[PDB]
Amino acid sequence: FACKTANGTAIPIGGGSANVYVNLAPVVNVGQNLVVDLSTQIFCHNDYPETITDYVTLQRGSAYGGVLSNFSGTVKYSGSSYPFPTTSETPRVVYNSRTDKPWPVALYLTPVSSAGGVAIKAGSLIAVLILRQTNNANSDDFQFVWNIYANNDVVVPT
């Protein structure tokens, strides 16, 4: 089991970490959601699908910088919604193919009442998402750590 980002950075068997640089909507009004869809940026595959089933969770998601200060969050994982920053590990998603498939994570971020101006600075760390990978054969328990960085400013107009 291994993962890759949309620009080709890999995390190999056994886990590791990588940076993910994401374009964000440059403006988000009070009452609207800023969507950070990681499913178009993070992909994973099972190397030996005839031999083993791999299981994948969002073990935890943390917010940083302007996301932590200026937004109220939820994370959708494989169709279900949870608080973001997270308070529990999600259910497991099955990976059963050598073809890379999306990691089905999206953040829904709406401005807090105090947000105004540049609410996320371009280049800043906005999130760390920990993917936990297990399997149905042995006790392997691997962490794939995704450090999410903003490519551009996000403005909340005032």
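Residue positions are given as counts along the sequence shown, with the first one as 1.
**Q** On average, which has the higher Cα B-factor in the deposited entry, 126 to 134 or 48 to 56?
**A** Going by the record's values, the stretch with the higher mean is 48 to 56.
**Q** Quick check: 102 to 110 versus 39 to 47, which has the larger average CA B-factor in the record?
**A** Result of the comparison: 39 to 47.
**Q** Go through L68, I120, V94, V27 one by one and give the residue whose Cα B-factor in the PDB entry is largest.
**A** Of the candidates given, the C-alpha B-factor peaks at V27.
**Q** Just say lowest, middle or highest third for the CA B-factor of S78 relative to the other modelled residues in its chain.
**A** Highest third.
**Q** Quick check for you: using the entry's CA B-factors within this chain, is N147 in the lowest, middle or highest third?
**A** Answer is lowest: the recorded C-alpha B-factor places it there.
**Q** Sort the modelled residues of this chain by their C-alpha B factor and say whether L34 lands in the lowest, middle or highest third.
**A** Within its chain, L34 is a middle-third residue by C-alpha B-factor, going by the deposited values.
**Q** Select lowest, middle or highest to describe the third in which the CA B-factor of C3 falls within its chain in this entry.
**A** Within its chain, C3 is a lowest-third residue by C-alpha B-factor, going by the deposited values.
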